[PDB]
Amino acid sequence: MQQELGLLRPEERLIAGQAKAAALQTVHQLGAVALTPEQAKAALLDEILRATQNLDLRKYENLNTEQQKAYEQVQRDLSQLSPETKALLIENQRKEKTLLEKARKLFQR
Amino acid sequence: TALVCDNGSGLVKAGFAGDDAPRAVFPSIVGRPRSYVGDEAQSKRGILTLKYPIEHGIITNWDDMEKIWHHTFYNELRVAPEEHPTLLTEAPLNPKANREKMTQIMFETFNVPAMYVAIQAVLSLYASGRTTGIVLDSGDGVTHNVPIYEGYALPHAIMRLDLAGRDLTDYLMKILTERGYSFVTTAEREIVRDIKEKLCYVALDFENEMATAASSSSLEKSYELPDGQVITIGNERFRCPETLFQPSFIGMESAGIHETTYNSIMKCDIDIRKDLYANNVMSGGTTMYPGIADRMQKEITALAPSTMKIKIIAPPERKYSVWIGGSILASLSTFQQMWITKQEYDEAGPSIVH
Ligand SMILES: Nc1ncnc2c1ncn2[C@@H]1O[C@H](COP(=O)(O)OP(=O)(O)OP(=O)(O)O)[C@@H](O)[C@H]1O
Ligand SMILES: [Ca+2]
């Protein structure tokens, strides 16, 4: 039997109807028919992403360049080495730390 | 319009919703003699006893907080609280008794028409234009890793570290002292903080920068104190912030900020982890160091799975991303139904801030 389907009238198109009525709405609707918390949240998150997509705030850049310049000055010069000079420097420093540790071991005793 | 007040352990940032920056930034200090607030307390520090109402992000003395708020409204913003809705901020994991006492004071001592208490880290994320990611917020008193999914801060995945701006200042004071200079008092605290903000940075690899920094004739930098006095400052530029990644430097057994980030991510469902890894947002004054984004990238990459997409975001405005996010939010129409209200308040007590 198939008429149980007929008792459902797909042709009404009430989902069609409600879909078209939702599309036409603005992010916030007026008239104030109290939103349930979940609707309210979902709207909020939609509007957040929206009020944000094109916000620039580039008037916040280079507000810190003394600190930033001084750093670059250094990283400029420090690139000049090579996995060798510095690997041998790390190995050198390492051996120094041992001597340095052995040093104050004798110091305070 | 709506007020936006960001209560930090070191600095209050207050202003008007919709504005692009606060209009008043001032120390979170209250001074009585052997009552003054803010900059005016910094000046008279000889005579006054100084207290800090907000400790590690969380308000612990309410009267001084009352003077801080009072100051904010009248002296700084020149408004009546009666006439303006008020957005306030709390640290993540703010106990409920705390947010309620916040609410009461606002309604009964300040009689604000409406109010809201929003999570600092959540405001920073919105300010970066996102509703999902993990924020690393680091100020003057506390550091937090706050995982956030669709606008919801996951309370059980939140990592707290009591190591921030002030401890770094104190550590620099100490290592600059070890060098020969002498910085031991609070009237010297505020001097060294300025050095820290002017010249410190974060090394990409620490061992490597110790072994190699001394080659740059730019490593050592002169700094003119108010004495007219000139001191030099070298490898303590990157020795100072390195404490964030190695808390042992100041006798803290705690794990470093890169590991707390990973730990925090690992307290979330494996299925949202991709989203967190690609949305690491830094906020707070203590994320200002040059090199910090790069070092976090390297550190996170080292801990995360092999093929995982990692992405550190560090907005130029992160000193203010919290206040900003508070001003974005309070401007939103869809947000207007969310203000707690005078009417609402007297038929649920403070408990309607749940
Ligand atoms: N350029 C900079 N480099 C390093 N640190 C900085 C810089 N600028 C500010 N800071 C530090 O950031 C801190 C202030 O940051 P912020 O205002 O985000 O914290 P807060 O909100 O007062 O405190 P908290 O959020 O921890 O309760 C101070 O320690 C300040 O020295
Ligand atoms: Ca803060």
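Chain letters run A, B, ... following the sequence lines, proteins first and then strands; every chain starts at 1. Start at 1 and go down the list; that is how both ligands and their atoms are numbered.
Taking both residues in full, the closest heavy atoms of B/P247 and B/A255 are given as CG-O, 3.7 Å, listed atom of the first, atom of the second, then distance. Of all the heavy atoms in B/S264 and B/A157, the pair that sits closest is OG-O, 2.5 Å. When all heavy atoms of B/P53 and B/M65 are compared, the pair lying nearest together is CB-N, 3.9 Å.
Under a 4.0 Å criterion applied to the non-hydrogen atoms of B/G284, ligand 1 contributes the atoms 18 (O). Under a 4.0 Å criterion applied to the non-hydrogen atoms of B/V142, ligand 1 contributes the atoms 26 (O). For ligand 1, the atoms lying closer than 4.0 Å to a non-hydrogen atom of B/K196 are 5 (N), 29 (O), 31 (O). Of all atoms in ligand 1, numbered sequentially from 1 with element shown, those under 4.0 Å from a heavy atom of B/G10 are 22 (O), 23 (O). Near B/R193, meaning under 4.0 Å from any of its heavy atoms, are these atoms of ligand 1: 31 (O). Near B/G139, meaning under 4.0 Å from any of its heavy atoms, are these atoms of ligand 1: 13 (C), 15 (O), 16 (P), 18 (O), 19 (O), 23 (O), 24 (P), 25 (O), 26 (O). Set against the non-hydrogen atoms of A/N64, the atoms of ligand 1 under 4.0 Å away are 1 (N).
Contact analysis puts B/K13 in contact with ligand 1, with a non-hydrogen atom separation below 4.0 angstrom. The closest approach between any non-hydrogen atom of B/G141 and ligand 1 is below 4.0 Å.
B/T169 and B/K196 share a side-chain donor-acceptor pair at under 3.5 Å.
Around the CZ atom of B/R23, the shell of radius 6.0 Å holds no more than 12 heavy atoms that belong to other residues, nucleotides or ligands. Under a cut-off of 6.0 angstrom, the local environment of NZ in B/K198 is sparse, with at most 12 non-hydrogen atoms contributed by other residues, nucleotides or ligands.
Polar contact with ligand 1: present for A/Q67 (N/O pair, distance under 3.5 Å).
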* Start with the C-alpha gap between B/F110 and B/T86, add the side-chain angles, then the distance that decides, and say whether side-chain contact (heavy atoms from CB on, under 4.5 Å) holds. => CA-CA 10 Å; B/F110 288 106; B/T86 306; over 6 Å; no
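Here the CD1 atom belonging to B/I231 is positioned 13.5 Å from the NZ atom belonging to B/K221, to the nearest 0.5 angstrom.
Atom 29 (O) of ligand 1 has its closest protein heavy atom at B/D140 OD1, 2.5 Å. Nearest non-hydrogen protein atom to atom 22 (O) of ligand 1 is B/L11 N, 2.8 Å. Nearest protein neighbour of atom 2 (C) of ligand 1, counting heavy atoms only, is B/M288 CB, 3.3 Å.
Contacts between B/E197 and ligand 1, counted as non-hydrogen atom pairs separated by less than 4.0 Å, involve both the backbone and the side chain.
A cation-pi arrangement is present between B/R166 and B/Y52 under the rule of less than 6.0 angstrom and at most 45 degrees off the ring axis.
Looking at B/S124, B/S9, B/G165 and measuring to atom 24 (P) of ligand 1, the nearest heavy atom belongs to B/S9. Residue nearest to atom 15 (O) of ligand 1, selected from B/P290, B/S28, B/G285, B/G8: B/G285 (by heavy-atom distance).
Among the candidates B/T103, B/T341, B/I340, the single residue satisfying the side-chain contact (heavy atoms from CB on, under 4.5 Å) test with B/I352 is B/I340.
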